[PDB]
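Just below is one structure, and these are the notes that go with it.
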Amino acid sequence: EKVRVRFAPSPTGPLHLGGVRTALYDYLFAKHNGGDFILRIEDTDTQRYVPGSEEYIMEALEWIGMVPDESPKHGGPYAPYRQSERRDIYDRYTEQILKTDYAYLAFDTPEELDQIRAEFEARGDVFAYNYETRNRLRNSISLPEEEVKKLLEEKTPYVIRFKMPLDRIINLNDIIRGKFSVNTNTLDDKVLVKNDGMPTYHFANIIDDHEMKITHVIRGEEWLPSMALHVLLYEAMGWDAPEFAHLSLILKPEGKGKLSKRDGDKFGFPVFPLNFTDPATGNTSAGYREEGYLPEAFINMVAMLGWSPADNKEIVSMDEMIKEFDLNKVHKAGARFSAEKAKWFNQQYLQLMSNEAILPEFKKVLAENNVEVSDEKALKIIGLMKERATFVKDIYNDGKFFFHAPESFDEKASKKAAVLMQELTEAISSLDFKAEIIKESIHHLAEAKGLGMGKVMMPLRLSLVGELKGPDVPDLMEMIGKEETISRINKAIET
Ligand SMILES: [Mg+2]
């Protein structure tokens with residue numbers, strides 16, 4: 001009855017958005033049902049290993065707040081949680097499946113397989129090792145029993161392949177995709193065990209899902225064409241298969257096709273949760289985290305790529321998502337990635353942070369730009385700016401007038417927006433430079449003279465900013481102070 005799910009990334013590079021979503025739905029499904037979330041490292045393909053990938057995965061899950069219950073770091077009752085460390089388990093089950101009619105030995109070399117691939121290509125076809133071709137290749141079905149015996153005495157390298165049944169209809173049932181049927185004649189005699197005795201992912205994963213008592217396999221639709229094989233492997237072993245749920249690939253923001261790093265490089269959004277430096281080129285892809293996406297906003301955005309809670313509430317915490325996540329409500333249709341939505345989520349979460357919660361990152365941005373201000377002023381600037389910001393860095397980049405005087409003045413704004421009025425304003429501001437009192441003084445000057453408030457406010461804004469932007473003028477004057485306010489006014493008068 002206890003739900004057990006597993007996230008099974010390979011240590012072959014960084015997590016993509018699809019992988020983050022799979023991990024999230026694993027976590028939400030396990031926690032919603034009071035079950036267990038397992039991390040199993042799929043490191044049997046030694047030649048695709050990227051140093052630091054396991055550490056990357058753990059750091060990303062920790063950043064988002066989805067720590068596995070069982071993992072290499074935490075241990076657990078079914079350790080080892082790295083597949084490279086489970087060879088004795090795999091050997092036991094390799095011996096078992098070789099007693100069935102579902103597996104056979106194959107001796108074909110890479111050159112021999114390249115040769116038949118070229119023969120098919122010349123006919124405009126694609127080679128598949130399957131029922132149709134296995135009898136003309138070199139394996140324990142096609143070769144005389146005496147030749148196989150001879151080859152094994154000679155220590156000839158061999159793989160173990162699954163023996164696809166002849167003309168059998170497999171009826172599959174997926175939680176996301178529903179019921180469908182597949183004829184085994186469309187499927188291949190996939191390799192189960194490599195030359196060195198280690199399983200391929202197909203065989204390792206069904207062995208370990210069985211051993212680790214996994215109840216629900218949640219994964220991407222890239223695995224869906226292999227589902228029939230996996231169900232047949234459980235049958236071959238005399239085992240009950242878990243339930244499956246196949247998530248449709250995330251779609252491109254615009255046009256046909258699936259989301260790829262090409263879309264991130266062409267549209268300007270990140271593709272990995274954390275910084276990843278490619279070892280081949282030394283170039284670093286900046287992650288969501290380092291680009292300033294708040295983890296609560298990031299994971300809220302990822303959750304909604306194909307799941308819509310019944311209450312139509314878009315902003316939800318991890319605890320709220322745990323309470324209402326229903327795997328049967330995840331859409332079969334692909335969901336388009338939206339950079340707009342990701343930025344909107346970030347803005348929504350940023351606006352609700354306290355000024356104090358924003359201050360550490362804001363001070364980091366200031367330091368990177370060689371700017372220093374008191375914490376008192378920094379908190380006030382954050383309060384004045386955060387409602388319009390999408391990222392904390394925007395509070396500086398769009399508020400440079402808090403720290404730097406204008407050197408020029410926009411001509412269009414200069415034309416739209418006299419020195420006597422400004423001189424008279426300079427005399428009146430010599431008081432308690434508070435925004436509420438400054439505005440009261442400006443209204444007193446406007447009422448004393450014969451002009452509407454904009455006749456004072458607009459040229460004043462131009463003087464302080466160089467263009468017509470920024471927060472309310474009396475707030476800006478309070479932030480930069482009396483001396484700097486008058487300095488900028490006199491500079492604008494002289495210009
Ligand atoms: Mg369903």
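Ligands are numbered from 1 in the order shown, residues from 1 within each chain, and chains are lettered A, B, ... in the order they appear in the structure tokens.
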Would you tabulate, counting only C-alpha atoms and all ligand atoms, all residues of chain A that have an atom at most 8 Å from an atom of ligand 1, showing the closest pair of atoms and their distance in Å to one decimal, sorted by chain then ascending number, as CSV?
residue,atom,partner,partner_atom_place_in_ligand_line,distance
A:174,CA,ligand 1,1 (Mg),6.3
A:175,CA,ligand 1,1 (Mg),3.7
A:176,CA,ligand 1,1 (Mg),4.4
A:177,CA,ligand 1,1 (Mg),6.1
A:178,CA,ligand 1,1 (Mg),5.1
A:328,CA,ligand 1,1 (Mg),5.3
A:329,CA,ligand 1,1 (Mg),8.0
Skipping near chain neighbours, those fewer than 5 positions away, what residues fall within 8 Å of residue 295 of chain A using only C-alpha atoms, listed as a list in words? residues 63, 64 and 289 of chain A
Name the residues of segment 63-139 of chain A that come out as strand (DSSP E) in a backbone DSSP run; write them as an MDAnalysis selection string. chainID A and resid 103:106
Can those selected residues be exported to a file as an mmCIF file, in the first residue's frame so that it contains C-alpha atoms?
data_model
loop_
_atom_site.group_PDB
_atom_site.id
_atom_site.type_symbol
_atom_site.label_atom_id
_atom_site.label_comp_id
_atom_site.auth_asym_id
_atom_site.auth_seq_id
_atom_site.Cartn_x
_atom_site.Cartn_y
_atom_site.Cartn_z
ATOM 1 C CA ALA A 103 16.784 -14.096 -23.533
ATOM 2 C CA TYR A 104 19.580 -15.278 -25.804
ATOM 3 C CA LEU A 105 23.296 -14.708 -26.431
ATOM 4 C CA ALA A 106 24.515 -12.565 -29.333
#
Would you pick out the contacts of segment 13-23 of chain A at 10 Å or less, using only C-alpha atoms, so that residues sharing its chain but fewer than 5 positions from it are not included, and give the list as an NGL selection string? :A and (5-8 or 28-29 or 37-39 or 48-57 or 60-61 or 64 or 66 or 68 or 218-220 or 246-250 or 259-261 or 270-279 or 299 or 301-306 or 337)
So which bits of segment 274-374 of chain A end up helix (DSSP H, G or I) when you DSSP the backbone, as a PyMOL selection string? chain A and resi 295-303+318-324+327-329+339-352+355-368
Counting only C-alpha atoms, give me one row per residue of segment 54-102 of chain A with an atom at most 10 Å from an atom of segment 158-164 of chain A, showing the shortest contact pair and its distance in Å to one decimal, sorted by chain then residue number, as a tab-separated table.
residue	atom	partner	partner_atom	distance
A:94	CA	A:160	CA	8.7
A:97	CA	A:162	CA	9.3
A:98	CA	A:160	CA	8.5
A:100	CA	A:163	CA	9.8
A:101	CA	A:163	CA	7.2
A:102	CA	A:163	CA	4.8
Dump of N, CA and C atoms for the selected residues, as a PDB file, in the first residue's frame:
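After the write, selection-v6.pdb holds the following:
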ATOM      1  N   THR A  94      20.583 -11.923 -14.087  1.00  0.00           N
ATOM      2  CA  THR A  94      21.023 -12.388 -15.399  1.00  0.00           C
ATOM      3  C   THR A  94      20.963 -13.914 -15.479  1.00  0.00           C
ATOM      4  N   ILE A  97      17.163 -14.888 -15.838  1.00  0.00           N
ATOM      5  CA  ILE A  97      16.496 -14.693 -17.122  1.00  0.00           C
ATOM      6  C   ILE A  97      17.065 -15.613 -18.197  1.00  0.00           C
ATOM      7  N   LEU A  98      18.318 -16.057 -18.061  1.00  0.00           N
ATOM      8  CA  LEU A  98      18.884 -16.978 -19.040  1.00  0.00           C
ATOM      9  C   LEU A  98      18.265 -18.365 -18.959  1.00  0.00           C
ATOM     10  N   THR A 100      15.035 -18.705 -19.051  1.00  0.00           N
ATOM     11  CA  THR A 100      13.773 -18.508 -19.752  1.00  0.00           C
ATOM     12  C   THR A 100      13.991 -18.501 -21.263  1.00  0.00           C
ATOM     13  N   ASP A 101      12.882 -18.536 -22.000  1.00  0.00           N
ATOM     14  CA  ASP A 101      12.933 -18.340 -23.440  1.00  0.00           C
ATOM     15  C   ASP A 101      12.810 -16.876 -23.832  1.00  0.00           C
ATOM     16  N   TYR A 102      13.084 -15.955 -22.912  1.00  0.00           N
ATOM     17  CA  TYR A 102      12.999 -14.545 -23.225  1.00  0.00           C
ATOM     18  C   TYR A 102      14.358 -13.890 -23.429  1.00  0.00           C
TER      19      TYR A 102
END
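The smallest atom-to-atom distance between residue 244 of chain A and any of A:114, A:132, A:221, A:59, using only C-alpha atoms, is found for A:221.
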Which polymer residues have any atom within 10 Å of an atom of segment 364-368 of chain A, counting only C-alpha atoms, with same-chain residues fewer than 2 positions away left out, as an mmCIF file with N, CA and C atoms, in the first residue's frame?
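Generated output (part_25.cif):
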data_model
loop_
_atom_site.group_PDB
_atom_site.id
_atom_site.type_symbol
_atom_site.label_atom_id
_atom_site.label_comp_id
_atom_site.auth_asym_id
_atom_site.auth_seq_id
_atom_site.Cartn_x
_atom_site.Cartn_y
_atom_site.Cartn_z
ATOM 1 N N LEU A 359 17.128 42.296 0.967
ATOM 2 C CA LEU A 359 18.340 43.083 1.209
ATOM 3 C C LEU A 359 19.647 42.346 0.931
ATOM 4 N N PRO A 360 19.845 41.096 1.361
ATOM 5 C CA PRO A 360 21.157 40.463 1.113
ATOM 6 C C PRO A 360 21.514 40.371 -0.362
ATOM 7 N N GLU A 361 20.589 39.918 -1.212
ATOM 8 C CA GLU A 361 20.900 39.861 -2.635
ATOM 9 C C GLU A 361 21.048 41.261 -3.218
ATOM 10 N N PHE A 362 20.229 42.213 -2.763
ATOM 11 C CA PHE A 362 20.360 43.574 -3.269
ATOM 12 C C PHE A 362 21.732 44.150 -2.938
ATOM 13 N N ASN A 370 30.088 48.342 -7.474
ATOM 14 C CA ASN A 370 30.916 49.314 -6.756
ATOM 15 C C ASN A 370 30.072 50.439 -6.156
ATOM 16 N N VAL A 371 28.912 50.086 -5.609
ATOM 17 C CA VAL A 371 28.026 51.046 -4.964
ATOM 18 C C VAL A 371 27.847 50.627 -3.513
ATOM 19 N N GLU A 372 27.846 51.609 -2.610
ATOM 20 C CA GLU A 372 27.607 51.360 -1.195
ATOM 21 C C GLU A 372 26.568 52.346 -0.689
ATOM 22 N N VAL A 373 25.589 51.847 0.070
ATOM 23 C CA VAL A 373 24.593 52.700 0.700
ATOM 24 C C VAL A 373 24.265 52.100 2.065
ATOM 25 N N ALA A 378 18.938 51.381 1.684
ATOM 26 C CA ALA A 378 18.709 50.228 0.817
ATOM 27 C C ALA A 378 17.313 49.656 1.011
ATOM 28 N N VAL A 392 15.668 40.764 -8.395
ATOM 29 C CA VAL A 392 16.239 41.715 -7.435
ATOM 30 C C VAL A 392 17.208 42.678 -8.118
ATOM 31 N N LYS A 393 17.986 42.198 -9.101
ATOM 32 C CA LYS A 393 18.958 43.072 -9.757
ATOM 33 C C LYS A 393 18.288 44.253 -10.456
ATOM 34 N N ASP A 394 17.010 44.109 -10.854
ATOM 35 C CA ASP A 394 16.289 45.206 -11.507
ATOM 36 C C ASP A 394 16.187 46.422 -10.596
ATOM 37 N N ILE A 395 16.149 46.202 -9.276
ATOM 38 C CA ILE A 395 16.039 47.313 -8.336
ATOM 39 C C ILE A 395 17.240 48.252 -8.450
ATOM 40 N N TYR A 396 18.424 47.713 -8.745
ATOM 41 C CA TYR A 396 19.555 48.581 -9.062
ATOM 42 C C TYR A 396 19.540 49.029 -10.521
ATOM 43 N N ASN A 397 19.412 48.084 -11.448
ATOM 44 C CA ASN A 397 19.627 48.429 -12.851
ATOM 45 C C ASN A 397 18.609 49.442 -13.350
ATOM 46 N N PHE A 403 21.845 56.402 -7.073
ATOM 47 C CA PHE A 403 23.260 56.313 -6.756
ATOM 48 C C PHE A 403 24.150 57.158 -7.656
#
Which of these residues is nearest to residue 409 of chain A, using only C-alpha atoms: A:119, A:494, A:356, A:42?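 Of the candidates, the smallest distance to residue 409 of chain A is held by A:494.
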Taking only C-alpha atoms into account, name the residue in A:430, A:142, A:390, A:374 that is nearest to residue 291 of chain A. A:390
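Excluding residue 293 of chain A and any residue on its chain fewer than 2 positions from it, the residues at most 9 Å away by only C-alpha atoms are residues 287, 288, 289, 290, 291, 295, 296, 297, 298, 342, 343, 346, 390 and 391 of chain A.
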For N, CA and C atoms, I'd like the residues from the last selection saved as a PDB file, in the first residue's frame.
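Okay, selection.pdb is ready:
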ATOM      1  N   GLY A 287      22.445  29.139 -14.682  1.00  0.00           N
ATOM      2  CA  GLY A 287      21.225  28.490 -14.252  1.00  0.00           C
ATOM      3  C   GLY A 287      20.131  29.473 -13.842  1.00  0.00           C
ATOM      4  N   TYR A 288      18.915  28.934 -13.710  1.00  0.00           N
ATOM      5  CA  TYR A 288      17.811  29.706 -13.142  1.00  0.00           C
ATOM      6  C   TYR A 288      18.213  30.348 -11.820  1.00  0.00           C
ATOM      7  N   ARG A 289      18.872  29.577 -10.945  1.00  0.00           N
ATOM      8  CA  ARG A 289      19.241  30.108  -9.634  1.00  0.00           C
ATOM      9  C   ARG A 289      20.139  31.335  -9.770  1.00  0.00           C
ATOM     10  N   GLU A 290      21.189  31.229 -10.574  1.00  0.00           N
ATOM     11  CA  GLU A 290      22.148  32.316 -10.686  1.00  0.00           C
ATOM     12  C   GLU A 290      21.588  33.498 -11.467  1.00  0.00           C
ATOM     13  N   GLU A 291      20.591  33.266 -12.325  1.00  0.00           N
ATOM     14  CA  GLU A 291      19.915  34.351 -13.030  1.00  0.00           C
ATOM     15  C   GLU A 291      18.898  35.068 -12.157  1.00  0.00           C
ATOM     16  N   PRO A 295      13.556  30.078  -5.910  1.00  0.00           N
ATOM     17  CA  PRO A 295      13.221  28.653  -6.064  1.00  0.00           C
ATOM     18  C   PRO A 295      11.738  28.356  -5.909  1.00  0.00           C
ATOM     19  N   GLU A 296      11.035  29.075  -5.031  1.00  0.00           N
ATOM     20  CA  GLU A 296       9.602  28.866  -4.879  1.00  0.00           C
ATOM     21  C   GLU A 296       8.848  29.252  -6.141  1.00  0.00           C
ATOM     22  N   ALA A 297       9.302  30.314  -6.819  1.00  0.00           N
ATOM     23  CA  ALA A 297       8.662  30.725  -8.068  1.00  0.00           C
ATOM     24  C   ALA A 297       9.011  29.770  -9.193  1.00  0.00           C
ATOM     25  N   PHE A 298      10.277  29.360  -9.254  1.00  0.00           N
ATOM     26  CA  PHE A 298      10.725  28.396 -10.251  1.00  0.00           C
ATOM     27  C   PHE A 298       9.917  27.102 -10.190  1.00  0.00           C
ATOM     28  N   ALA A 342       7.310  32.287 -16.642  1.00  0.00           N
ATOM     29  CA  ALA A 342       8.360  32.114 -15.640  1.00  0.00           C
ATOM     30  C   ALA A 342       8.724  33.445 -14.995  1.00  0.00           C
ATOM     31  N   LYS A 343       8.800  34.509 -15.799  1.00  0.00           N
ATOM     32  CA  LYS A 343       9.113  35.822 -15.253  1.00  0.00           C
ATOM     33  C   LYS A 343       7.956  36.359 -14.420  1.00  0.00           C
ATOM     34  N   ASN A 346       8.124  34.827 -11.056  1.00  0.00           N
ATOM     35  CA  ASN A 346       9.185  35.432 -10.251  1.00  0.00           C
ATOM     36  C   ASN A 346       8.726  36.766  -9.685  1.00  0.00           C
ATOM     37  N   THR A 390      11.184  42.393 -11.680  1.00  0.00           N
ATOM     38  CA  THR A 390      11.040  40.967 -11.940  1.00  0.00           C
ATOM     39  C   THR A 390      12.130  40.155 -11.256  1.00  0.00           C
ATOM     40  N   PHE A 391      13.312  40.751 -11.099  1.00  0.00           N
ATOM     41  CA  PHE A 391      14.464  40.168 -10.428  1.00  0.00           C
ATOM     42  C   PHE A 391      15.027  41.215  -9.482  1.00  0.00           C
TER      43      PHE A 391
END
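Nearest-residue note for residue 201 of chain A: choosing from A:138, A:150, A:213, A:40, the minimum distance belongs to A:40, counting only C-alpha atoms.
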Env of residue 136 of chain A: 12 Å cut, atoms = only C-alpha atoms, seq-sep filter 3 positions within chain, self excluded. Answer as a PyMOL selection string. chain A and resi 106+108+112-113+116+129-133+139-143
The selected residues should be written to file as a compact mmCIF listing (two decimals), in the first residue's frame (atoms: N, CA and C atoms).
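Dumped everything to part_33.txt:
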# COMPACT_ATOMS: atom_id res chain seq x y z
N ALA A 106 24.23 -13.10 -28.00
CA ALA A 106 24.51 -12.56 -29.33
C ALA A 106 25.98 -12.16 -29.42
N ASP A 108 27.54 -10.71 -32.27
CA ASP A 108 27.86 -9.82 -33.38
C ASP A 108 28.81 -8.72 -32.95
N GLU A 112 30.23 -5.98 -37.75
CA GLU A 112 29.19 -6.78 -38.39
C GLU A 112 27.85 -6.07 -38.33
N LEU A 113 27.58 -5.37 -37.22
CA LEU A 113 26.32 -4.64 -37.12
C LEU A 113 26.34 -3.41 -38.02
N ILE A 116 25.37 -4.66 -41.62
CA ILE A 116 23.96 -4.88 -41.93
C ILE A 116 23.19 -3.56 -41.87
N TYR A 129 17.47 -5.20 -34.99
CA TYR A 129 17.75 -6.56 -34.54
C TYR A 129 16.47 -7.11 -33.95
N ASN A 130 15.79 -8.02 -34.66
CA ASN A 130 14.43 -8.38 -34.28
C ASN A 130 14.12 -9.78 -34.80
N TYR A 131 12.84 -10.17 -34.72
CA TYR A 131 12.46 -11.50 -35.18
C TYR A 131 12.85 -11.73 -36.63
N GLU A 132 12.71 -10.70 -37.48
CA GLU A 132 12.98 -10.83 -38.91
C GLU A 132 14.45 -11.03 -39.23
N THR A 133 15.35 -10.42 -38.45
CA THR A 133 16.77 -10.42 -38.78
C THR A 133 17.60 -11.34 -37.90
N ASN A 139 24.13 -15.44 -33.22
CA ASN A 139 23.59 -15.50 -31.87
C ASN A 139 23.21 -16.94 -31.56
N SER A 140 22.76 -17.19 -30.32
CA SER A 140 22.47 -18.56 -29.91
C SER A 140 21.17 -19.10 -30.48
N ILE A 141 20.39 -18.28 -31.17
CA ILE A 141 19.24 -18.79 -31.92
C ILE A 141 19.64 -19.22 -33.32
N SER A 142 20.50 -18.44 -33.99
CA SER A 142 20.87 -18.69 -35.38
C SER A 142 22.02 -19.68 -35.53
N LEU A 143 22.88 -19.78 -34.56
CA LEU A 143 24.07 -20.59 -34.72
C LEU A 143 23.86 -21.97 -34.12
